[PDB]
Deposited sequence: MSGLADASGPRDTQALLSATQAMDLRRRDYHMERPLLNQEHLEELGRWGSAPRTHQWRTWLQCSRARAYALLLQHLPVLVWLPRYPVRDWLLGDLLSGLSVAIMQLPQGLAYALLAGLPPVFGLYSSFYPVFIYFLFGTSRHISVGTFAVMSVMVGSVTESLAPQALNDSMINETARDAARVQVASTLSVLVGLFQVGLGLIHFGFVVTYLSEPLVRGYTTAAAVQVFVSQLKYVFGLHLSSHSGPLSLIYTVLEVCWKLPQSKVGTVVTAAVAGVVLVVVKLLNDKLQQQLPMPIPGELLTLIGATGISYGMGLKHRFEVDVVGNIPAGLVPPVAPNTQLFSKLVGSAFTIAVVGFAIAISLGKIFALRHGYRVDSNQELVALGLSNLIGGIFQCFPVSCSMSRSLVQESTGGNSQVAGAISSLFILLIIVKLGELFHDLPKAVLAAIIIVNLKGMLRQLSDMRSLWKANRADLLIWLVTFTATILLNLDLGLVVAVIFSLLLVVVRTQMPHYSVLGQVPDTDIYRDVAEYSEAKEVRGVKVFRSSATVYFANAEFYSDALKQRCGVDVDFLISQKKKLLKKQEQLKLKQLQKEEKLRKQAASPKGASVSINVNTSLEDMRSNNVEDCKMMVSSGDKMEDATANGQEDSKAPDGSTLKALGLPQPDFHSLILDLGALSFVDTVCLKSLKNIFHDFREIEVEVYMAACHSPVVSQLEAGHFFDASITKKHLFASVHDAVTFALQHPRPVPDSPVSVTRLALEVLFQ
């Protein structure tokens, strides 16, 4: 029920009744600890409870990373061996600075395709010169990837130190989903070349995808039969193994190493059949064994990469955060965004120093790590060690691995991103603005490539956020019978408007973008054309003044001038959605007050929160003409005051 009986309360009354009023060691060890979680979570590691699970999880993660690293290195354009380096250099670094215990840092399809586009831009493939140009191009691509990794790591470390871990919140879920779907489309188009076996020119810039698809279609009859057969067999095997594992996941504690088995079988078949020599099927080539000494980044490329560097960084960070947060909700721990950004930046920087390319976290790999029984980053560290073994001696065993098979892996690794079209269609029933953002991001990333596409998508998202506040549901409120609740009359038929009092509510805040829109909507839906009546009144007053001046040389009420008096004697604004009052909002409010006082209508402001009143006071909004007694706290209070003060 309700029994609230009180005297009428304005802003001044409300203030009267509410009494308005306005290092060294310890930190040296807190900052060090928060920068290095390892010192806090490794000493308290339960060996008996988690060792075996972490060992099995790391074994599975390494098993899955061995073919994924090579495939994504091939996607990036680099020789496959460097991919393994990723699976070994950032990961261990993430073991030291990482806060998420259930994500595996490594090669991601989107990051790999972004690095591949960069390498193609700064090192196009040329068919004129074959062997020595190929070696020089591989070296140049490796240097470009290392410099890009160094720059991305520096950007991420800098953003993390300034605690700019909230930059991900600008990337809404529809935008990220569209970007990932377009990245999957890009990856499929790029891998079509390796699946068919065609030789194609390196396209770059806008509309690269369309040109690549057209060239693939044009050169399709030249596709090698053996390469297509091998790619189809590899894809069929991968699909069958993945479906089998999904359909009896409960029986087997760990997923079947389908990708590793496919890679081993392809290598064995190619060795036993001489595919490269006989059927001219492309192979990965020679994989060096050992650790490459660190190489300093080439600063001369900093101008070329920076525009495509920061973007990549952000994208990776975004994905990383998402995974961590998801696993956070699955294990009841907090993942610090800033520390995650710092860890990823340090991993990328150390990789770039040690001949690597930018890395991120993989969803399928993280899910496998969780399922196998992982509970800490130690598992991931174990994975790195296994990759180290592959780097040390088991690297030349994959000399005769068919190349297309790797491409096939990536094609079978884009299931979720292409599944997101289901989400795309589902957005047609929940929010069409999200669907518009999704389609704009998808089209921009397809046409203007990923680097510009993300910028265009972010700018369009911000513009649509601004536009959404420029299209609010203006409501001429009315009183629900025998209540104090005021709701839209056009929506609630039973609601009846108060006689002589109008209440106008805007669902969105009134700032510089929609201040004029708010004023025009108020004047349009107020029932009286305020501008026309004010102009008439001014003209009539000027004519009367001229007549008086002429009479003197020879020798204000609306009813007096014959103008139609508005039905409502008072107007009440419901600025409950108002957040901040800037200069334009204050100007609009003053203009509304002056215009309605000229038409002999007193304006009352109702439901203003704490910051609005303070900002109005600071902006010199209040004066003798506009006192604080008009700034009522509740709409019904203002309606009661207006009914108690009707002008004669």
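Student: For this chain, which runs of the deposited sequence have no C-alpha coordinates, given in order from the N-terminus?
Tutor: Missing C-alpha atoms (numbering from 1) occur across the ranges 1 to 28, 51 to 62, 596 to 655, 749 to 766.
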